[PDB]
Each structure stands twice: as structure tokens, then as C-alpha cells.
């Protein structure tokens, strides 16, 4: 009755990742879903939360109920304290904002942008997300990350940074010297495609 029929339009499908194709929000969530599976059961893993980039954008919605729903999904009482927020500038760029709420009275926020000459729009979008999460955007730290030499792999740098920082939380180096420094990462598009294919 509700089954898909061959005479109608096919169900939607996320397109595959190519060698230099721009990553979509669906690709990012599939990667972080698979990462959460790989980390499940490990010590400290339950302190982490990987946000969907569409929920992050919902924080700035002009609709009251949609805005409050996003605030509950990312800062509610049941959300882990270390949240990774992908920041999207549509048709343009990806960056990463990390919010550490383990101390309710001393929240720390970190922003990673792999673009060489930075766009003022990108930090502004990161500042709006922090503002709608109840933070002072002026206290967000702009942190070092490897600079991309191409015009396509900004999504790769975001996912690799989440990958690396998550494992530093697992082994306990996130809180010590250079624990939040991502200068030496080397994103691997082939590895990213493999993890999306084996998920």
C-alpha cells in the first residue's frame, strides 16, 4: 500500500563521495555516527557528543519552537558535556566549534578554521552558534589547525579534527600541553570514503 513502486520516483539516497567532491551535511553525520559506534564502550567515550550540522543551524532559527528544540538537543540536561558543532557557510565552507561544558561555571569554546585567509563570515557563524547556546562569543578561542592547500577538503579537516580530538579525550591528553592543537593533522579523503562505505 505504501511500498515504493517502480513507476514512481525512487526513494532519496545520499550521493557517493568522490576524490575532490564537496562534503554534504549527510556525509558528516554518517561519519560521526560511525565514529560513535567505534568509540562505544571505551572509557570517557560517553563524555562526547557529535552534533548534526542541521541542528546547529537550527539554533539561529527565526522560529521560537525550532530554536528552543535545537537548544535542548545540544545543551539539555541529558547531553554529554563535550560537544562538537560543525559550522557550515552554505555553498562555501566548513569549520568546527568545540564546547567543553564539564565545568558549568567555566565553559571553554574552541574554533578551528582550515582556511588560509579567513572569511569574517565563518567566525560570525561560529559566534552566533555560541551565542544561542548561552555563551559569550568573545571568549571563544581561535585555535591552530592545519591549513588546507586546496579548495575542497574543508569538510575533511572538520571530520579529521573531530576524529583526533575525540581520541585525545579517550586517552586523556585533551586536557594537557598541546591537547587542543590540530596543527599536524593530515586529512585522508580515501580513509573518509572507506569509513562511509563500511558504515
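Positions refer to the first chain, counted from 1.
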**OP:** Could you settle it for me: does 129 to 137 or 26 to 34 have the higher average Cα B factor in the PDB entry?
**Re:** 129 to 137
**OP:** Look over 144 to 152 and 46 to 54 in the entry and identify the one with the greater average Cα temperature factor.
**Re:** 144 to 152
**OP:** Using the temperature factors in the entry, find which of 86, 76, 81, 90 has the highest value at its Cα atom.
**Re:** 76
Original post:
Taking the C-alpha B-factors as the PDB entry records them, is residue 62 in the lowest, middle or highest third of its chain?
Top reply: highest
**OP:** Going by the recorded CA B-factors, say which third of the chain residue 123 sits in, lowest, middle or highest.
**Re:** lowest
Original post:
Which third of the chain does residue 95 land in by C-alpha B-factor: lowest, middle or highest?
Top reply: lowest
Original post:
For residue 114, does the deposited CA B-factor place it in the lowest, middle or highest third of the chain?
Top reply: lowest
